[PDB]
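*Asks:* Starting off with a structure, shown below.
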Amino acid sequence: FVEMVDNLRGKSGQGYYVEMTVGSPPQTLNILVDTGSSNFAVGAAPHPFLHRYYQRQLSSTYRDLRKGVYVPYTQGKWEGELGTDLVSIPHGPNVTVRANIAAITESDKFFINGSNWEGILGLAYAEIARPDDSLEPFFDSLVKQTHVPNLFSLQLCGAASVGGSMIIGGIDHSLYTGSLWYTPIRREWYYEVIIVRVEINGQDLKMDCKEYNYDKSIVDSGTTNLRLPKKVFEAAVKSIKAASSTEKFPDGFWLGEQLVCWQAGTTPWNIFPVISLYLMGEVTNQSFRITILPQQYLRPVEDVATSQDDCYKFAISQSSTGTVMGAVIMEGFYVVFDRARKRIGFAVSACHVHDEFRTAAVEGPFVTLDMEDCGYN
Ligand SMILES: COc1cccc(-c2cccc(CCc3cccc(N)n3)c2)c1
């Protein structure tokens, strides 16, 4: 696994990518690591933002599936042609696999101007694969065709340029301190989990916990923010705003509609409280909690040419589709996607940003009753 350490790169707000090769001879591409989707989709045409794209005509091992795929988002989409081909990960396990690949032939507001990735690796399960769950995800193909154990782990560091590790098939104990604590994957579609309690600064929100997971809570390397359902976001902001009334910021800030700036080196960490999410544990009536800092939910915006300050965007936002524990959360922790035992492990990341005051934490066990009632059906 030492070969796989530091195999991720990125830029803030723009995601974490791994090098992959597709076809024979190998074409190298940088591929976004996304635990919130289930298609391996890659640029296959010369869109002007792209450094590189998959040239199927150059590959002897390419096979057409003669079926297209169309994938909408709110504002934007990608569309493509399905096929299979041989896929490796240079700084991953020493194997080659025949995987489905969606050759992206048209898109809108998908690729990012200035980004250094050309595709997406969906690491979630077949249920949310498009056009349907019969299209086998990459990781399912990998596990099926090789002896790679059915698990992967992610250390997203952030740390301008960002970095991290994706350990495929195992865990590397150099990437975390203390103990791993595991929360069950409620259902294998997204990496769905259950949050059972939330504390801002130690003090809890006292909401029907069911709300915390209305209609989902998921772990998602492809979302920057900690996203929260309307009503939980509402309550959540209310307490953070209160926690932090010392200084003042507009209403738009909290809605992610304006940025906040303080002069270089002048940011007040401590007027902002820590956020603790209690996750369902492995055992009845037993939970654990992960604790993140404002340096996680207060994210720098790289360069604004209309300012000189240290400008941050408030990284919590509301959702119609549930809680999303994005890079804000994951950058605090080493996260183990233990597919084989249907559980996600969290430990303090050896690379998370800390000081000599407060620190990211994973703590347990706690006693929490009625954890099953926290899940929405
Ligand atoms: C931290 O990961 C990021 C940050 C910004 C943008 C993306 C990004 C951009 C275009 C496409 C995708 C993959 C599709 C997608 C959309 C929404 C949510 C998820 N998980 N995946 C990601 C990922």
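In the structure tokens, each chain is lettered A, B, ... as it comes, each chain's residues begin at 1, and ligands are numbered from 1 in order of appearance.
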Within 6 Å of ligand 1, counting only C-alpha atoms and all ligand atoms: which residues, as a list in words?

*Replies:*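 Sorted by chain and then by number, the residues are residues 13, 14, 15, 34, 36, 37, 110, 220, 221, 222, 223, 224 and 327 of chain A.
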
*Asks:* Deliver the residues from the most recent selection as a file, using N, CA, C and O atoms, as a PDB file, in the first residue's frame.

*Replies:*
ATOM      1  N   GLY A  13     -12.001  23.114  -3.948  1.00  0.00           N
ATOM      2  CA  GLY A  13     -13.307  23.151  -4.575  1.00  0.00           C
ATOM      3  C   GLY A  13     -13.490  22.326  -5.835  1.00  0.00           C
ATOM      4  O   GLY A  13     -14.615  22.233  -6.316  1.00  0.00           O
ATOM      5  N   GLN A  14     -12.418  21.719  -6.362  1.00  0.00           N
ATOM      6  CA  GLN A  14     -12.437  21.082  -7.700  1.00  0.00           C
ATOM      7  C   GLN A  14     -12.295  19.556  -7.679  1.00  0.00           C
ATOM      8  O   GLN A  14     -12.179  18.941  -8.738  1.00  0.00           O
ATOM      9  N   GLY A  15     -12.248  18.955  -6.490  1.00  0.00           N
ATOM     10  CA  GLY A  15     -12.214  17.507  -6.338  1.00  0.00           C
ATOM     11  C   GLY A  15     -10.848  16.863  -6.329  1.00  0.00           C
ATOM     12  O   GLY A  15      -9.836  17.463  -6.684  1.00  0.00           O
ATOM     13  N   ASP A  34     -15.075   9.707  -6.865  1.00  0.00           N
ATOM     14  CA  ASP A  34     -16.429  10.073  -6.487  1.00  0.00           C
ATOM     15  C   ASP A  34     -17.179   8.930  -5.810  1.00  0.00           C
ATOM     16  O   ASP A  34     -17.713   8.057  -6.488  1.00  0.00           O
ATOM     17  N   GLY A  36     -19.961   9.305  -4.453  1.00  0.00           N
ATOM     18  CA  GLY A  36     -21.367   9.678  -4.605  1.00  0.00           C
ATOM     19  C   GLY A  36     -22.026   9.349  -5.937  1.00  0.00           C
ATOM     20  O   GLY A  36     -23.165   9.751  -6.167  1.00  0.00           O
ATOM     21  N   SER A  37     -21.331   8.617  -6.805  1.00  0.00           N
ATOM     22  CA  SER A  37     -21.905   8.098  -8.040  1.00  0.00           C
ATOM     23  C   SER A  37     -21.286   6.737  -8.408  1.00  0.00           C
ATOM     24  O   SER A  37     -20.372   6.249  -7.732  1.00  0.00           O
ATOM     25  N   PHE A 110     -20.096  20.368 -16.798  1.00  0.00           N
ATOM     26  CA  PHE A 110     -19.542  19.183 -16.200  1.00  0.00           C
ATOM     27  C   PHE A 110     -18.058  19.395 -15.998  1.00  0.00           C
ATOM     28  O   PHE A 110     -17.582  19.414 -14.867  1.00  0.00           O
ATOM     29  N   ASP A 220     -19.654  11.302   0.694  1.00  0.00           N
ATOM     30  CA  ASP A 220     -19.464  11.678  -0.730  1.00  0.00           C
ATOM     31  C   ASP A 220     -18.210  12.473  -1.032  1.00  0.00           C
ATOM     32  O   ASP A 220     -18.129  13.683  -0.796  1.00  0.00           O
ATOM     33  N   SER A 221     -17.214  11.797  -1.582  1.00  0.00           N
ATOM     34  CA  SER A 221     -15.972  12.447  -1.903  1.00  0.00           C
ATOM     35  C   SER A 221     -16.129  13.451  -3.067  1.00  0.00           C
ATOM     36  O   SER A 221     -15.218  14.223  -3.324  1.00  0.00           O
ATOM     37  N   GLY A 222     -17.254  13.417  -3.773  1.00  0.00           N
ATOM     38  CA  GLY A 222     -17.477  14.297  -4.932  1.00  0.00           C
ATOM     39  C   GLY A 222     -18.275  15.564  -4.649  1.00  0.00           C
ATOM     40  O   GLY A 222     -18.682  16.258  -5.589  1.00  0.00           O
ATOM     41  N   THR A 223     -18.557  15.829  -3.366  1.00  0.00           N
ATOM     42  CA  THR A 223     -19.226  17.050  -2.921  1.00  0.00           C
ATOM     43  C   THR A 223     -18.253  17.743  -1.995  1.00  0.00           C
ATOM     44  O   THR A 223     -17.600  17.103  -1.168  1.00  0.00           O
ATOM     45  N   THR A 224     -18.115  19.054  -2.156  1.00  0.00           N
ATOM     46  CA  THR A 224     -17.210  19.838  -1.326  1.00  0.00           C
ATOM     47  C   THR A 224     -17.794  20.032   0.083  1.00  0.00           C
ATOM     48  O   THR A 224     -17.064  19.952   1.080  1.00  0.00           O
ATOM     49  N   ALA A 327     -16.184  16.680   1.292  1.00  0.00           N
ATOM     50  CA  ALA A 327     -14.775  16.853   1.583  1.00  0.00           C
ATOM     51  C   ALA A 327     -14.518  17.643   2.863  1.00  0.00           C
ATOM     52  O   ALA A 327     -13.522  17.416   3.540  1.00  0.00           O
TER      53      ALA A 327
END

*Asks:* From the DSSP assignment of the backbone, select every residue of stretch 34-231 of chain A that is helix (DSSP H, G or I), and format the answer as a PyMOL selection string.

*Replies:* chain A and resi 56-58+126-128+138-145+173-175+209-213+230-231

*Asks:* Within 7 Å of stretch 90-96 of chain A, counting only C-alpha atoms, which residues qualify if same-chain residues fewer than 2 places away don't, as a PyMOL selection string?

*Replies:* chain A and resi 3-4+7+19-20+86-88+168

*Asks:* For each of A:279, A:213, A:179, A:292, take the minimum atom-to-atom distance to residue A:200, counting only C-alpha atoms, then give the residue where this is smallest.

*Replies:*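 Of A:279, A:213, A:179, A:292, the one nearest residue A:200 is A:292, counting only C-alpha atoms.
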
*Asks:* Near residue A:359, counting only C-alpha atoms, which residues have an atom at most 10 Å away, once you skip same-chain residues fewer than 4 positions from it, shown as a list in words?

*Replies:*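 Once the adjacent positions are removed, what remains is residues 274, 291, 292, 293, 332, 348, 352, 353, 354 and 355 of chain A.
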
*Asks:* Taking 2 positions as the minimum chain separation for residues in the same chain, which residues sit within 12 Å of residue A:307 when counting only C-alpha atoms? Answer as a PyMOL selection string.

*Replies:* chain A and resi 259-264+301-305+309-312

*Asks:* Would you mind exporting the chosen residues as an mmCIF file, in the first residue's frame, restricted to N, CA, C and O atoms?

*Replies:*
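The resulting file, out.cif, is reproduced below:
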data_model
loop_
_atom_site.group_PDB
_atom_site.id
_atom_site.type_symbol
_atom_site.label_atom_id
_atom_site.label_comp_id
_atom_site.auth_asym_id
_atom_site.auth_seq_id
_atom_site.Cartn_x
_atom_site.Cartn_y
_atom_site.Cartn_z
ATOM 1 N N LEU A 259 -19.162 35.733 -0.022
ATOM 2 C CA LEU A 259 -18.059 35.202 0.777
ATOM 3 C C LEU A 259 -17.716 36.136 1.917
ATOM 4 O O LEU A 259 -18.192 37.269 1.973
ATOM 5 N N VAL A 260 -16.965 35.604 2.872
ATOM 6 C CA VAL A 260 -16.510 36.372 4.023
ATOM 7 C C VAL A 260 -14.997 36.450 3.928
ATOM 8 O O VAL A 260 -14.345 35.527 3.439
ATOM 9 N N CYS A 261 -14.450 37.576 4.360
ATOM 10 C CA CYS A 261 -13.020 37.796 4.288
ATOM 11 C C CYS A 261 -12.525 38.431 5.582
ATOM 12 O O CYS A 261 -13.194 39.289 6.168
ATOM 13 N N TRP A 262 -11.366 37.965 6.032
ATOM 14 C CA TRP A 262 -10.592 38.646 7.050
ATOM 15 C C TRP A 262 -9.202 38.813 6.469
ATOM 16 O O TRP A 262 -8.825 38.071 5.564
ATOM 17 N N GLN A 263 -8.450 39.793 6.969
ATOM 18 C CA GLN A 263 -7.073 40.024 6.507
ATOM 19 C C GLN A 263 -6.194 38.789 6.721
ATOM 20 O O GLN A 263 -6.501 37.933 7.562
ATOM 21 N N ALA A 264 -5.101 38.709 5.966
ATOM 22 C CA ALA A 264 -4.143 37.615 6.112
ATOM 23 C C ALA A 264 -3.822 37.331 7.591
ATOM 24 O O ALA A 264 -3.466 38.234 8.351
ATOM 25 N N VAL A 301 -11.506 30.318 -0.479
ATOM 26 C CA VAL A 301 -11.709 30.384 -1.922
ATOM 27 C C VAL A 301 -10.387 30.893 -2.513
ATOM 28 O O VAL A 301 -9.866 31.935 -2.084
ATOM 29 N N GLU A 302 -9.853 30.132 -3.477
ATOM 30 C CA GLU A 302 -8.451 30.251 -3.918
ATOM 31 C C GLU A 302 -8.032 31.691 -4.207
ATOM 32 O O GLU A 302 -7.267 32.288 -3.440
ATOM 33 N N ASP A 303 -8.531 32.238 -5.309
ATOM 34 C CA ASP A 303 -8.184 33.591 -5.703
ATOM 35 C C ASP A 303 -9.431 34.330 -6.178
ATOM 36 O O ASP A 303 -10.155 33.861 -7.063
ATOM 37 N N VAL A 304 -9.686 35.463 -5.529
ATOM 38 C CA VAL A 304 -10.668 36.437 -5.971
ATOM 39 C C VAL A 304 -9.855 37.661 -6.398
ATOM 40 O O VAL A 304 -9.176 38.276 -5.569
ATOM 41 N N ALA A 305 -9.894 37.996 -7.690
ATOM 42 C CA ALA A 305 -9.109 39.127 -8.224
ATOM 43 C C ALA A 305 -9.616 40.495 -7.745
ATOM 44 O O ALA A 305 -8.930 41.508 -7.909
ATOM 45 N N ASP A 309 -7.786 39.765 0.726
ATOM 46 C CA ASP A 309 -7.912 39.144 2.060
ATOM 47 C C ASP A 309 -7.842 37.602 2.033
ATOM 48 O O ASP A 309 -7.609 37.005 0.982
ATOM 49 N N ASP A 310 -8.011 36.980 3.202
ATOM 50 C CA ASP A 310 -8.238 35.532 3.307
ATOM 51 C C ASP A 310 -9.743 35.279 3.244
ATOM 52 O O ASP A 310 -10.417 35.275 4.279
ATOM 53 N N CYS A 311 -10.270 35.069 2.037
ATOM 54 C CA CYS A 311 -11.717 34.882 1.841
ATOM 55 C C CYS A 311 -12.153 33.407 1.881
ATOM 56 O O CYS A 311 -11.604 32.562 1.163
ATOM 57 N N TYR A 312 -13.147 33.116 2.719
ATOM 58 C CA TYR A 312 -13.672 31.763 2.869
ATOM 59 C C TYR A 312 -15.157 31.686 2.465
ATOM 60 O O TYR A 312 -15.913 32.644 2.656
#

*Asks:* Restricting the calculation to only C-alpha atoms: of A:250, A:162, A:25, A:188, which residue gets closest to residue A:57?

*Replies:* A:25

*Asks:* DSSP on the backbone: which residues in stretch 263-336 of chain A end up as strand (DSSP E or B)? Give the answer as a PyMOL selection string.

*Replies:* chain A and resi 275-280+286-292+298-300+310-314+316-319+323-325+333-336

*Asks:* Could you please determine the separation between atom CA of residue A:192 and atom CA of residue A:231 in Å, to one decimal place?

*Replies:* 19.5 Å

*Asks:* Quick one: residues within 9 Å of residue A:55, only C-alpha atoms counted, chain neighbours fewer than 5 positions away excluded, as a count of residues only?

*Replies:* 4

*Asks:* Would you mind telling me which residue in A:361, A:156, A:240, A:195 lies nearest to residue A:175 when using only C-alpha atoms?

*Replies:* A:156

*Asks:* With distances taken over only C-alpha atoms, which residue among A:155, A:28, A:38, A:244 lies nearest residue A:349?

*Replies:* A:155

*Asks:* Which one is closest to residue A:362: A:184, A:163, A:345, A:114? Count only C-alpha atoms.

*Replies:* A:345

*Asks:* From the options A:176, A:191, A:1, A:314, which residue's atoms come nearest to residue A:251, counting only C-alpha atoms?

*Replies:*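 Among A:176, A:191, A:1, A:314, it is A:314 that comes nearest to residue A:251.
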
*Asks:* Within 10 Å of residue A:238, counting only C-alpha atoms, which residues show up once you throw out same-chain ones fewer than 6 positions away? Write them as number ranges by chain, please.

*Replies:* A: 205, 232, 244, 254

*Asks:* To one decimal in Å, tell me the separation between atom CA of residue A:276 and atom CA of residue A:199.

*Replies:*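 Pair atom CA of residue A:276 / atom CA of residue A:199 returns 5.1 Å.
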
*Asks:* If I take atom CA of residue A:10 and atom CA of residue A:151, how far is one from the other in Å, to one decimal?

*Replies:*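 Result for atom CA of residue A:10 versus atom CA of residue A:151: 22.6 Å, one decimal.
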